[PDB]
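Single chain ahead, written as structure tokens, the form deposited in one PDB entry.
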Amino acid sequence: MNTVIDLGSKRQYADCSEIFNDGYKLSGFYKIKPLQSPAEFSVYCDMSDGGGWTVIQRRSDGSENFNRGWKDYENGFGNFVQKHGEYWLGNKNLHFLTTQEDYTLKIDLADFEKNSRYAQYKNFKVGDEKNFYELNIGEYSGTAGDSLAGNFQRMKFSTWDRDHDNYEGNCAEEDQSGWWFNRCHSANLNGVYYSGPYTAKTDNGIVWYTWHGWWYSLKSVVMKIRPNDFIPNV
């Protein structure tokens, strides 16, 4: 088993910011239960970087398969056991999270040359399943450049088997990821884990165009959220 700390008491937390503000300053996996969530679920809490970040997505080493269909992107998948592993929290969980409070999205990015950048968006919100988990994002700031925005109309989430109202997957690309794609496909943090510069039939890697363009696949991603108005306790 992992090192685990059993506090010997129970309290329900909506997100990692509430955990941090209750005095828990250790990064690790915790259970959270957003207001409208039918059950608690594991999430990585990044308590660095000012504290209280709920990690919604992580890439690190290429271990996990992100070529998943609508169901897996809805429910969540990946590694909720290892500190440095990879996961997708699940669109249903994103919706339950981002409707209970107004969150900032921060995206921590690293390349294969030990460089890092970040992108931050105020008011990140994910719509419900009937609305294809559509993305709303507010004001950008940071160093990575704004690759997420549909201006690069809310962007629907798509998967290989749920793409422009086709449910069968017959026009899907190889290794097609789940994302809120814009016209330029300028971001796809759920793309194929290549080792930096790459070539393939399509530009389907871990792309953040405004930093390294379409044909460079990033080394590390953490997508994480915290309330816009988060105030760290002490």
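All residue numbers are counted from 1 along the displayed sequence. Here, rigid core means the biggest group of C-alpha atoms that superpose within 1.5 Å across both forms. Shifts are known only where both forms have a C-alpha.
As for the form deposited in another entry, it is not shown, yet the points below apply to it.
Please name the one residue from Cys171, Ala39, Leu35, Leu26 with a C-alpha displacement of 2 Å or more between this form and the one not shown, using the rigid core for the superposition. C-alpha shift of at least 2 Å: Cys171.
When you overlay the rigid core, is the Cα of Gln57 off by 2 Å or more between this form and the one not shown? No; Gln57 is a residue whose C-alpha shifts by less than 2 Å between this form and the one not shown when the cores are overlaid.
If you line up the core, does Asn204 shift 2 angstroms or more at its C-alpha between this form and the one not shown? Shift of 2 Å or more: no.
Does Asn67 move appreciably between this form and the one not shown, meaning a CA displacement of 2 Å or more on the superposed rigid core? Where the cores coincide, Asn67 shows only a C-alpha shift between this form and the one not shown that is less than 2 Å.
Relative to what is shown, are the Cα atoms of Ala172 and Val207 closer or farther apart in the other entry, where the gap shifts by 3 Å or more? Compared with the form shown here, the C-alpha atoms of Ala172 and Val207 sit closer together in the other entry, by 3 Å or more.
Have a look at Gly169 and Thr159: in the other entry, are their Cα atoms closer together or farther apart than in this form, given the change is 3 Å or more? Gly169 and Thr159 sit farther apart in the other entry.
Taking the rigid core as reference, consecutive runs of 3 or more residues that move 2 angstroms or more in Cα between this form and the one not shown: Once the cores are aligned, runs 164-175, 182-186 are those whose C-alphas move by at least 2 Å.
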